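Participant: Fold the following and give me the result.
(chains A, B, C, D, E, F, G and H, ligands or ions: 5)
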Amino acid sequence: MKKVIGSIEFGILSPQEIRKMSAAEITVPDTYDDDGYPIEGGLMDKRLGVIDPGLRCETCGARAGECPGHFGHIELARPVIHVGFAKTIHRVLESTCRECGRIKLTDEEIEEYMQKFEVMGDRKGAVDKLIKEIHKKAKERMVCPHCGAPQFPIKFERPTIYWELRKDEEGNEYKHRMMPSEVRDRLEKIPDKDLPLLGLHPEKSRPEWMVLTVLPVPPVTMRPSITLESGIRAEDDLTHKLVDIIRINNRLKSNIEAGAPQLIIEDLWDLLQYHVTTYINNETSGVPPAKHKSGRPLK
Amino acid sequence: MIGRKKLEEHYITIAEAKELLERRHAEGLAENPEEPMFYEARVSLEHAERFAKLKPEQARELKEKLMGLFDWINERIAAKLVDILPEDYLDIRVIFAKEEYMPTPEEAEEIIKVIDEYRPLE
Amino acid sequence: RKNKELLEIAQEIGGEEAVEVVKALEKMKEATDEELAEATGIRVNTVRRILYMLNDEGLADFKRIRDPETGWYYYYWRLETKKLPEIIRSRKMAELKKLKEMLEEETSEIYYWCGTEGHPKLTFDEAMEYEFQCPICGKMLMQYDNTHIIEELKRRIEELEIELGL
Amino acid sequence: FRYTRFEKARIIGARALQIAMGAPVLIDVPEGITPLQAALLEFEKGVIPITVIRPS
Amino acid sequence: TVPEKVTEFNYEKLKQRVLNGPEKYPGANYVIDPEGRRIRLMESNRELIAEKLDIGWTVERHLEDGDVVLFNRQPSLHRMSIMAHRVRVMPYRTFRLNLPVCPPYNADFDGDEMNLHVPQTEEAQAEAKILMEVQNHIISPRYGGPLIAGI
Amino acid sequence: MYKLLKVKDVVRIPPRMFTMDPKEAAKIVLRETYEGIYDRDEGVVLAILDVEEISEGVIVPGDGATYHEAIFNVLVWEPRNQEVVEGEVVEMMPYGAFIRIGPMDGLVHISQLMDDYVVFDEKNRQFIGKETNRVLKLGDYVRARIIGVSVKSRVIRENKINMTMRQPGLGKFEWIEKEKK
Amino acid sequence: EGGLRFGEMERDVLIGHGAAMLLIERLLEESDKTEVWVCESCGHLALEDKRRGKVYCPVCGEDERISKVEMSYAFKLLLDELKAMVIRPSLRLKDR
Amino acid sequence: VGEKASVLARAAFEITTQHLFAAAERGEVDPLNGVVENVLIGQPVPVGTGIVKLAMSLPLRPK
Ligand SMILES: [Mg+2]
Ligand SMILES: [Zn+2]
Ligand SMILES: [Zn+2]
Ligand SMILES: [Zn+2]
Ligand SMILES: [Zn+2]
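Facilitator: Numbers count the residues shown, from 1 in each chain, chains lettered A, B, ... in the order given. Ligands and ions are numbered 1, 2, ... in the order given. I have put the structure below:
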């Protein structure tokens, strides 16, 4: 009965949520096809949004004029690091100890920093000083209080690749590459009590959700197809790059599951990492802008 | 949810409820749209006419009396007994068949003795 | 025992082909996929598909080695088996939770059935939609149904949960 | 009880909108007058029943 | 035009307005039934609309002497550049502005153009006349002295 | 079985009845919002008994009407699971029988009536048992037990109740009496 | 058929007077206003269904009281852009 | 303008925001009560007339 907007609480979408708020799994990498009867089973109106003079939708009829678009999802075969959180992921990874889940601080030290969190609960500027001191103090240590210190290697960064200068033979310092699956399985161990001691929340923003497992698809209404002269359908940038995602995705599942020449997995993995980075931000750093065959960069 | 909060609820027998509907029926009686009671309300009235085994006031007296007979007889179960009007031990069996506790023949007869009054004699 | 249970789960996924894969890597302690294929006689593609599943369950490890003459990489696999009695639980905890959820559903649920050798056990929601005839075969719909197995499935799962409820 | 300028404007504004949708008018007779001008004469006689809840 | 929402005391006036049609000066352009569909008074007849009007409707009459209207010079530097005025209607094609109100707009008269917008909803209209009218702004908030005065 | 509810809600009183004491006034407005509606938690709201107390009015920017916090009494009907009810057979079908137990109807299928082989008399509208020659038709008084509730829509005509009588002491009242010896 | 615009400077002048009511009418109401049904304990925009005539939010199934919320069509599209990324814009409404 | 306000009160200032904007996505709220947030959403601003609340008893015999 006619309420108004009280507040807004930002956070991070969880994989669990994305599956219920999705209307259908997009699977057919194609656009319209062609000049008559434009109805497919993947990215276009598969209970997603209506734009043509055909009334079909998700049971509600509701013609293209005044019809809020519905979201979709894509079940990604492998985990994928989100580029936007990269810098923060570094602060998490090299400040805690692996296998335990502790913040590499004794209980006593942990206990007293709690009292600086209620006295500062409104001023965003002066809390950033206090987070970084914990950050800086944890980075210069090697003695966890719950694994007996077994010599903790140091992490690397920049732009999205990670390493750890370990020892394995007698004194070597090879650079073992890091895979998103590896990283993800290491963050789910960090208990919920420790997230306030970092820069996170226990319910709204879990750290493990930063590694994209399901990509939500924008609706049809937000992806319009502009026409050039009078018969040409100059497809939308969003649509093309999404189509590009499914074309590499579809070969990906079929190429690892059947034959396994191992080499393909290395090349294919980083390309997907490369490709998703452009979808989030085409003007990213260190990433060749994936343009359409005309020279015009995709926005 | 009905409203913000539910603050109080009470269990009512079918016989006593008939009067409230009849009172509500007597209102409206407003003639301007004539205001007929809607279908499901009209249906409930007819159903109420046939199953009222007791007088409105004497049902209250038994309802209070059944609550004070045993601690394990709450208001809903006692109100249900007034709606069914059990005649002997067999009716008590089928009502309490799916319940937590099954009354023994001894403790049932104490209840029966209370229900031995008020019986319509018809 | 400790050797035995690690061989049983891979048999549940791959089979006898996967039992030899786990037997082969424990023998050599560092191996490529070609070295594991020759010791058992299985093709190297069939061997390697089994190892990607154990990689996905956190039970197989590998560190890349640069071939200095050809410039390529070939993997040296090892084992990491410090997660054994918990994945035995942490699968079977939520899988018995899935078996909890089914038994809790079976109380207030499916009551009808078609009288054929196929398509029984209809819900009451579908029942009123069908208007008491079958749309699959056409037989007259019958009633209260599967009462023995909802007693039997109640008596199949409750004793499996006492073992793992500890 | 003397109103502030902002409270005065609001009261008139609220009262005027009620006068459009029904809500009987007091003695405000002359000749054809807009709903706004109706609220002005009623307020000039101090008969507006709307009281300002003061936050204190 | 402004919507008026006929109630009971201006019923007589509005009946004449909608009957006058869209051409003469004291006329009307639209009529809005309680359902919300706007009916345009143009096409071929306006008699059958101006029958029993039935209170609760809404007529959009032309601007008459006395409706509140704002006025803007555009660039809106100080606070005083938008002020509410009272409409008076005369034949020709320029806005007539009284001379002492031409320090606050910082206007001259060699072709400078001004715009005027008309608020509609009854709460908004009332609010404009009580709080922004010219007479409440003879003294300027910048310094303690009069701003609207003799030139 | 019925229930009496004392619930406080918020009522929007239109200005069109602004010259009338709030208790009667809010009562009419509130009444055309709840009658005829199935609230999934509690059930069929039959009728508003009365309005006990109503608070002061508050105006909100934009609407122009007046919001009040009222207190009223409601009469509801809840068919909770496995609750024993009594009703009257008001409809005959070749596959079941609709039994009005109140504001709604309760369907009991022919396979859950009695411990006996029941056949449908085609020429008439009745069920006849094989072994016992007991016949059940229109207008009979029965006693049954709720076995399932299907709460779909808010419309009373779209939710359906499932019951059964296949227990000792159920069925037509005349059968029960003949079986007691 | 166009005149001049009401951009940056024209909002700040009306605020100075204190005309809240006049402001809203001028800058938004002369566009489209779309009414959407928000879930109370979830925060995610619900979903209709014609032919049956009912609302339904994703996580909680009909039991939870969903409420109407009136907002500018421009702002609804802005939420979607955040929603297309991994950001969740939970709209926590508050009573009259 | 660079210091603390609400998150939306820096969204329409110096578009670069994709490093500082994602910062707020980790544990933060917002109620309202600015000026530009309320004008973007359609609510009455808290200055001016908006800061007054009315109340009125409803017998009203006209007389
Ligand atoms: Mg000039
Ligand atoms: Zn739709
Ligand atoms: Zn440790
Ligand atoms: Zn069958
Ligand atoms: Zn919800």
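Participant: Output the residue of chain E whose distance to ligand 5 is smallest.
Facilitator: residue E:36 (31.4 Å; C-beta to the ion). In this view, the C-beta of every residue, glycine as well, is placed from N, C-alpha and C.
Participant: Can you give me the distance of that residue to ligand 1?
Facilitator: From residue E:36 across to ligand 1, the span is 45 Å (C-beta to the ion, to the nearest Å).
Participant: Repeat that for residue C:154.
Facilitator: From residue C:154 over to ligand 1 (counting by C-beta to the ion), the distance is 92 Å.
Participant: Check residue H:42 too.
Facilitator: Separation of residue H:42 from ligand 1 (C-beta to the ion): 37 Å.
Participant: just residue G:38 next, same as before
Facilitator: Relative to ligand 1, residue G:38 is positioned 51 Å away (C-beta to the ion).
Participant: if we can go back for a sec, what are the neighbouring residues in contact with the residue of chain E closest to ligand 5?
Facilitator: With contact set as C-beta atoms under 8 Å, 6 or more residues apart in numbering or on different chains, residue E:36 has no partners.
Participant: switch to 10 Å and redo it
Facilitator: Neighbouring residues of residue E:36 by C-beta atoms under 10 Å, 6 or more residues apart in numbering or on different chains: residue E:58.
Participant: One more: residue C:95?
Facilitator: Taking C-beta under 10 Å, 6+ apart as the criterion, residue C:95 is in contact with C:160, C:164.
Participant: Need the nearest residue in space to residue A:162, chain neighbours excluded.
Facilitator: residue A:178 (3.6 Å; C-beta to C-beta, 6 or more residues apart in numbering or on different chains).
Participant: now residue C:58
Facilitator: Nearest-residue entry for residue C:58: residue C:83, 5.9 Å, with adjacent residues in sequence omitted and distances by C-beta to C-beta, 6+ apart.
Participant: For the one you found, the count of nearby residues, please.
Facilitator: Counted with other C-beta atoms under 10 Å in any protein chain shown, the neighbours of residue C:83 add up to 12.
Participant: just residue C:141 next, same as before
Facilitator: Using other C-beta under 10 Å, residue C:141 is surrounded by 19 other residues.
Participant: what's the distance between it and ligand 5?
Facilitator: For residue C:141, the distance to ligand 5 - C-beta to the ion - is 36 Å.
Participant: Next up, phi/psi of that residue, please.
Facilitator: Residue C:141 has phi and psi values of phi -80, psi 140 when expressed as degrees, to the nearest 10.
Participant: how close does the residue nearest to residue A:162 sit to residue A:158?
Facilitator: Using C-beta to C-beta, to the nearest Å, one obtains 13 Å as the distance from residue A:178 to residue A:158.
Participant: Neighbour count for these two, which is higher?
Facilitator: A count of neighbours by other C-beta under 10 Å puts residue A:178 above the other of residue A:178 and residue A:158, at 18 against 11.
Participant: which non-adjacent residue is nearest the residue in chain B that ligand 3 sits nearest to?
Facilitator: Chain B approaches ligand 3 most closely through residue B:1 (47.6 Å), counting by C-beta to the ion. Nearest-residue entry for residue B:1: residue G:65, 5.9 Å, with adjacent residues in sequence omitted and distances by C-beta to C-beta, 6+ apart.
Participant: contacting residues for the one you found?
Facilitator: Residue G:65 is in contact with A:1, B:1, G:39, G:40, G:41, counting by C-beta under 10 Å, 6+ apart.
Participant: Please apply the same query to residue A:209.
Facilitator: If you count contacts by C-beta under 10 Å, 6+ apart, residue A:209 has them with A:11-18, A:82, A:85, A:184, A:187, G:86.
Participant: does it sit in a helix, a strand or a coil?
Facilitator: Here residue A:209 is recorded as helix under DSSP: H, G, I helix; E, B strand; the rest coil.
Participant: Okay, and the beta partners of residue F:162?
Facilitator: Under DSSP bridges, the beta-bridge partners of residue F:162 are residue F:107, residue F:148.
Participant: Could you check how far it is from residue A:36?
Facilitator: Noted for residue F:162: a distance of 50 Å to residue A:36, by C-beta to C-beta.
Participant: Double-check that residue G:38 belongs to a strand.
Facilitator: Yes. Assessed with three-state DSSP, residue G:38 lies in a strand.
Participant: and it, how many neighbours does it have?
Facilitator: 21.
Participant: Not counting residues beside it along the chain, what's closest to it?
Facilitator: Spatially, and ignoring its direct neighbours in sequence, residue G:38 is nearest to residue G:69 (4.9 Å; C-beta to C-beta, 6+ apart).
Participant: so the one you found sits in a strand?
Facilitator: Yes. Checked against three-state DSSP, residue G:69 lies within a strand.
Participant: show me what contacts it?
Facilitator: The neighbours of residue G:69, taking C-beta under 10 Å, 6+ apart as the test, are A:2-6, G:34-38, G:45, G:91, G:93.
Participant: before we move on, the earlier item: distance of the residue of chain E closest to ligand 5 from residue E:46?
Facilitator: To residue E:46, residue E:36 is 20 Å away according to C-beta to C-beta.
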